[PDB]
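Worksheet: the structure to be examined is printed underneath.
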Amino acid sequence: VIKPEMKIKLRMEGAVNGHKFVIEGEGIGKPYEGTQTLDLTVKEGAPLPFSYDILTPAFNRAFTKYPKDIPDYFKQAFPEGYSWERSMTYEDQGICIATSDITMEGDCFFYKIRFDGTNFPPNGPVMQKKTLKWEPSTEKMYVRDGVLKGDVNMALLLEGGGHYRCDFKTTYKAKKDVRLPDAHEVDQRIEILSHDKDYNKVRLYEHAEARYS
């Protein structure tokens, strides 16, 4: 089912501090090597009054390098696909919730992303656009209630040094019954390779490989 090189196509719709936006994206990656690229075009709500980094983790764990001794909950979930529900709690009470229904047909992955954000302070790093990048991270994967849960202590480096903390909690739900893995970790690194003046156009890179402690 999952080809060694899979094309990506998506559409994110949402609101941050009540600001409606729509972002379409087309990308390409290698799911077995755990890397992928995505070119994102802001279709609606441009210019964005908030930092683009807060959207980057919502823009697919199928694009993870999985060893043999660790069942791949994500790749096994296909052709049908899976879906995820994510909460992202910032240290300044600014909170985001996101969802994605991931489907497939041919060599292309398809996503429908819903992202909602609120209670970000006007003079904070997000709304003032003071965020430079997400520090690299490790997501703790464990099975709960028959589905896969993931937790990651995220942190955005800011303009002028210092970090901006976020607590991520995700629930991955396979559309079919699959072999549930035993608890593991996912080392990740997401980075915006290139962008324009207001991030109307963005190239985004991700690298993630799963392992045991």
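Identifiers for the structure tokens are assigned positionally: chains receive A, B, ... in sequence, residues are indexed from 1 per chain, and ligands are indexed from 1 in the order shown.
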**Request:** Find the residues near residue 176 in chain A: any atom within 12 Å, counting only C-alpha atoms, skip ones fewer than 6 places away on the same chain, and give them as a ChimeraX atom specification.
**Result:** /A:73-83,146-147
How would the residues just picked look written out with N, CA, C and O atoms as a PDB file, in the first residue's frame?
ATOM      1  N   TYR A  73       1.880   1.518  13.691  1.00  0.00           N
ATOM      2  CA  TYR A  73       0.435   1.789  13.858  1.00  0.00           C
ATOM      3  C   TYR A  73      -0.138   2.570  12.683  1.00  0.00           C
ATOM      4  O   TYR A  73      -1.325   2.393  12.363  1.00  0.00           O
ATOM      5  N   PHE A  74       0.695   3.489  12.097  1.00  0.00           N
ATOM      6  CA  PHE A  74       0.348   4.432  11.026  1.00  0.00           C
ATOM      7  C   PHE A  74       0.384   3.851   9.641  1.00  0.00           C
ATOM      8  O   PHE A  74      -0.545   4.087   8.877  1.00  0.00           O
ATOM      9  N   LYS A  75       1.455   3.156   9.285  1.00  0.00           N
ATOM     10  CA  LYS A  75       1.513   2.593   7.942  1.00  0.00           C
ATOM     11  C   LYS A  75       0.517   1.446   7.780  1.00  0.00           C
ATOM     12  O   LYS A  75      -0.117   1.360   6.730  1.00  0.00           O
ATOM     13  N   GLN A  76       0.336   0.615   8.836  1.00  0.00           N
ATOM     14  CA  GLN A  76      -0.603  -0.529   8.893  1.00  0.00           C
ATOM     15  C   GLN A  76      -2.072  -0.091   8.726  1.00  0.00           C
ATOM     16  O   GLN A  76      -2.887  -0.856   8.232  1.00  0.00           O
ATOM     17  N   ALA A  77      -2.391   1.130   9.135  1.00  0.00           N
ATOM     18  CA  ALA A  77      -3.718   1.735   9.077  1.00  0.00           C
ATOM     19  C   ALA A  77      -4.262   1.990   7.645  1.00  0.00           C
ATOM     20  O   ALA A  77      -5.459   2.243   7.498  1.00  0.00           O
ATOM     21  N   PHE A  78      -3.387   1.894   6.602  1.00  0.00           N
ATOM     22  CA  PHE A  78      -3.670   2.158   5.182  1.00  0.00           C
ATOM     23  C   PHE A  78      -3.994   0.872   4.352  1.00  0.00           C
ATOM     24  O   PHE A  78      -3.599  -0.227   4.782  1.00  0.00           O
ATOM     25  N   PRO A  79      -4.776   0.925   3.227  1.00  0.00           N
ATOM     26  CA  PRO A  79      -5.297   2.088   2.464  1.00  0.00           C
ATOM     27  C   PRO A  79      -6.347   3.012   3.115  1.00  0.00           C
ATOM     28  O   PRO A  79      -6.446   4.163   2.682  1.00  0.00           O
ATOM     29  N   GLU A  80      -7.131   2.526   4.106  1.00  0.00           N
ATOM     30  CA  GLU A  80      -8.212   3.284   4.769  1.00  0.00           C
ATOM     31  C   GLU A  80      -7.764   4.591   5.392  1.00  0.00           C
ATOM     32  O   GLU A  80      -8.384   5.633   5.180  1.00  0.00           O
ATOM     33  N   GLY A  81      -6.691   4.519   6.159  1.00  0.00           N
ATOM     34  CA  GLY A  81      -6.119   5.685   6.805  1.00  0.00           C
ATOM     35  C   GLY A  81      -6.448   5.763   8.274  1.00  0.00           C
ATOM     36  O   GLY A  81      -6.961   4.812   8.869  1.00  0.00           O
ATOM     37  N   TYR A  82      -6.117   6.902   8.867  1.00  0.00           N
ATOM     38  CA  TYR A  82      -6.317   7.134  10.274  1.00  0.00           C
ATOM     39  C   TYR A  82      -6.632   8.594  10.495  1.00  0.00           C
ATOM     40  O   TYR A  82      -6.649   9.379   9.538  1.00  0.00           O
ATOM     41  N   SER A  83      -6.913   8.972  11.738  1.00  0.00           N
ATOM     42  CA  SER A  83      -7.193  10.394  12.027  1.00  0.00           C
ATOM     43  C   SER A  83      -6.591  10.839  13.362  1.00  0.00           C
ATOM     44  O   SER A  83      -6.356  10.020  14.238  1.00  0.00           O
ATOM     45  N   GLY A 146      -7.134   1.159  23.638  1.00  0.00           N
ATOM     46  CA  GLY A 146      -7.093   0.508  22.337  1.00  0.00           C
ATOM     47  C   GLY A 146      -6.523   1.349  21.209  1.00  0.00           C
ATOM     48  O   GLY A 146      -6.234   0.812  20.123  1.00  0.00           O
ATOM     49  N   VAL A 147      -6.351   2.672  21.457  1.00  0.00           N
ATOM     50  CA  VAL A 147      -5.777   3.602  20.478  1.00  0.00           C
ATOM     51  C   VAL A 147      -4.413   4.153  20.939  1.00  0.00           C
ATOM     52  O   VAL A 147      -4.044   3.993  22.110  1.00  0.00           O
TER      53      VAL A 147
END
**Item:** Residues near residue 181 in chain A, cut-off 7 Å, only C-alpha atoms, skip fewer than 6 positions along chain, as a list in words
**Value:** residues 70, 71, 72 and 73 of chain A
Write the residues you've just listed into a file as a PDB file, in the first residue's frame, and include C-alpha atoms for each of them.
ATOM      1  CA  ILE A  70       8.290  -1.711  16.564  1.00  0.00           C
ATOM      2  CA  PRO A  71       4.892  -2.175  14.805  1.00  0.00           C
ATOM      3  CA  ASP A  72       3.958   0.755  12.633  1.00  0.00           C
ATOM      4  CA  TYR A  73       0.435   1.789  13.858  1.00  0.00           C
TER       5      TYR A  73
END
**Request:** Please provide as an MDAnalysis selection string all residues within 12 Å of residue 114 in chain A, with the sequence filter that same-chain residues fewer than 2 positions apart are discarded (counting only C-alpha atoms).
**Result:** chainID A and resid 10:16 20:23 55 58:59 83:87 96:102 111:112 116:117
**Asked** What residues in range 7-136 of chain A get the DSSP label helix (DSSP H, G or I)? Please answer as a PyMOL selection string.
**Response** chain A and resi 53-58
Can you write just those residues out, N, CA and C atoms, as a compact mmCIF listing (two decimals), in the first residue's frame?
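File out-v3.txt, as written:
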# COMPACT_ATOMS: atom_id res chain seq x y z
N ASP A 53 4.61 29.14 12.90
CA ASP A 53 5.18 27.97 13.58
C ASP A 53 4.16 27.19 14.34
N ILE A 54 3.19 27.87 14.95
CA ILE A 54 2.13 27.21 15.71
C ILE A 54 1.28 26.26 14.82
N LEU A 55 1.34 26.43 13.48
CA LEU A 55 0.57 25.56 12.56
C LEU A 55 1.42 24.39 12.06
N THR A 56 2.75 24.52 12.11
CA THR A 56 3.68 23.58 11.47
C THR A 56 3.44 22.14 11.96
N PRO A 57 3.46 21.76 13.26
CA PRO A 57 3.12 20.38 13.63
C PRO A 57 1.77 19.84 13.17
N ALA A 58 0.80 20.66 12.80
CA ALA A 58 -0.49 20.10 12.34
C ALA A 58 -0.43 19.77 10.87
**Prompt:** Rounded to one decimal in Å, what is the spacing between CA of residue 41 in chain A and CA of residue 202 in chain A?
**Reply:**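 The value is 6.7 Å.
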**Request:** Would you mind writing down, as a PyMOL selection string, each residue of range 14-48 of chain A that DSSP on the backbone assigns to strand (DSSP E or B)?
**Result:** chain A and resi 14-16+19-30+35-44
Prev. selection, C-alpha atoms, output as a PDB file, in the first residue's frame:
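What follows is the written file out_3.pdb:
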ATOM      1  CA  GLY A  14      -9.314  27.253  10.910  1.00  0.00           C
ATOM      2  CA  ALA A  15      -9.219  30.339  13.167  1.00  0.00           C
ATOM      3  CA  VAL A  16      -6.606  31.806  15.581  1.00  0.00           C
ATOM      4  CA  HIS A  19      -8.946  35.090  12.432  1.00  0.00           C
ATOM      5  CA  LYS A  20     -10.221  32.805   9.640  1.00  0.00           C
ATOM      6  CA  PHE A  21      -7.558  31.220   7.321  1.00  0.00           C
ATOM      7  CA  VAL A  22      -7.323  28.415   4.686  1.00  0.00           C
ATOM      8  CA  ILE A  23      -3.946  26.928   3.608  1.00  0.00           C
ATOM      9  CA  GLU A  24      -3.567  24.440   0.685  1.00  0.00           C
ATOM     10  CA  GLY A  25      -0.402  22.368   0.416  1.00  0.00           C
ATOM     11  CA  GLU A  26       1.336  19.969  -1.955  1.00  0.00           C
ATOM     12  CA  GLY A  27       4.381  17.925  -0.931  1.00  0.00           C
ATOM     13  CA  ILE A  28       6.532  14.770  -1.379  1.00  0.00           C
ATOM     14  CA  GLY A  29       8.381  12.369   0.983  1.00  0.00           C
ATOM     15  CA  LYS A  30       9.857   8.970   1.806  1.00  0.00           C
ATOM     16  CA  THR A  35      11.465  12.599   6.041  1.00  0.00           C
ATOM     17  CA  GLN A  36       9.093  14.687   3.940  1.00  0.00           C
ATOM     18  CA  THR A  37       8.701  18.086   2.286  1.00  0.00           C
ATOM     19  CA  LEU A  38       5.642  20.313   1.897  1.00  0.00           C
ATOM     20  CA  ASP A  39       5.011  23.508  -0.043  1.00  0.00           C
ATOM     21  CA  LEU A  40       2.117  25.496   1.606  1.00  0.00           C
ATOM     22  CA  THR A  41       0.105  28.316   0.013  1.00  0.00           C
ATOM     23  CA  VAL A  42      -2.169  30.511   2.181  1.00  0.00           C
ATOM     24  CA  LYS A  43      -5.447  30.647   0.197  1.00  0.00           C
ATOM     25  CA  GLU A  44      -7.514  32.701   2.659  1.00  0.00           C
TER      26      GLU A  44
END
**Request:** Take CA of residue 17 in chain A and CA of residue 131 in chain A and report the distance between them in Å, one decimal.
**Result:**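 Calculated distance between CA of residue 17 in chain A and CA of residue 131 in chain A is 16.9 Å.
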**Asked** So how many Å separate CA of residue 180 in chain A and CA of residue 136 in chain A, to one decimal?
**Response** 26.0 Å
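Closest approach to residue 9 in chain A among A:95, A:88, A:48, A:104: A:104, based on only C-alpha atoms.
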Got a sec: who's within 10 Å of residue 52 in chain A, counting only C-alpha atoms, leaving out chain neighbours fewer than 5 positions off, as an mmCIF file with N, CA, C and O atoms, in the first residue's frame?
data_model
loop_
_atom_site.group_PDB
_atom_site.id
_atom_site.type_symbol
_atom_site.label_atom_id
_atom_site.label_comp_id
_atom_site.auth_asym_id
_atom_site.auth_seq_id
_atom_site.Cartn_x
_atom_site.Cartn_y
_atom_site.Cartn_z
ATOM 1 N N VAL A 126 3.357 34.806 19.887
ATOM 2 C CA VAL A 126 2.635 34.323 18.715
ATOM 3 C C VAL A 126 2.097 35.456 17.866
ATOM 4 O O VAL A 126 2.381 35.500 16.662
ATOM 5 N N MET A 127 1.270 36.315 18.497
ATOM 6 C CA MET A 127 0.571 37.415 17.862
ATOM 7 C C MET A 127 1.512 38.548 17.467
ATOM 8 O O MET A 127 1.209 39.301 16.535
ATOM 9 N N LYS A 129 4.602 37.783 16.555
ATOM 10 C CA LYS A 129 5.447 37.040 15.609
ATOM 11 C C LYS A 129 6.931 37.091 16.012
ATOM 12 O O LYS A 129 7.785 37.611 15.283
ATOM 13 N N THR A 131 8.528 34.162 17.199
ATOM 14 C CA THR A 131 8.983 32.769 17.186
ATOM 15 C C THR A 131 9.879 32.465 16.000
ATOM 16 O O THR A 131 9.524 32.780 14.853
ATOM 17 N N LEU A 132 11.061 31.856 16.286
ATOM 18 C CA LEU A 132 12.033 31.567 15.250
ATOM 19 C C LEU A 132 11.920 30.158 14.717
ATOM 20 O O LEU A 132 12.043 29.986 13.511
ATOM 21 N N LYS A 133 11.734 29.148 15.606
ATOM 22 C CA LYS A 133 11.636 27.719 15.220
ATOM 23 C C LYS A 133 11.227 26.819 16.380
ATOM 24 O O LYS A 133 11.281 27.224 17.541
ATOM 25 N N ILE A 192 11.048 25.059 8.785
ATOM 26 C CA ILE A 192 10.655 25.892 7.653
ATOM 27 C C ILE A 192 11.972 26.174 6.974
ATOM 28 O O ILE A 192 12.840 26.830 7.556
ATOM 29 N N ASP A 198 5.141 37.395 4.325
ATOM 30 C CA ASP A 198 4.157 37.135 5.374
ATOM 31 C C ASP A 198 3.789 35.645 5.500
ATOM 32 O O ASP A 198 2.808 35.281 6.155
ATOM 33 N N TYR A 199 4.640 34.781 4.933
ATOM 34 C CA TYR A 199 4.484 33.339 4.938
ATOM 35 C C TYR A 199 3.273 32.901 4.103
ATOM 36 O O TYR A 199 2.709 31.836 4.364
ATOM 37 N N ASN A 200 2.910 33.697 3.068
ATOM 38 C CA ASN A 200 1.864 33.378 2.089
ATOM 39 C C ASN A 200 2.244 32.067 1.376
ATOM 40 O O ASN A 200 1.363 31.270 1.050
ATOM 41 N N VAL A 202 5.211 28.859 1.958
ATOM 42 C CA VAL A 202 6.184 28.221 2.884
ATOM 43 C C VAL A 202 6.612 26.795 2.452
ATOM 44 O O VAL A 202 5.754 25.975 2.129
#
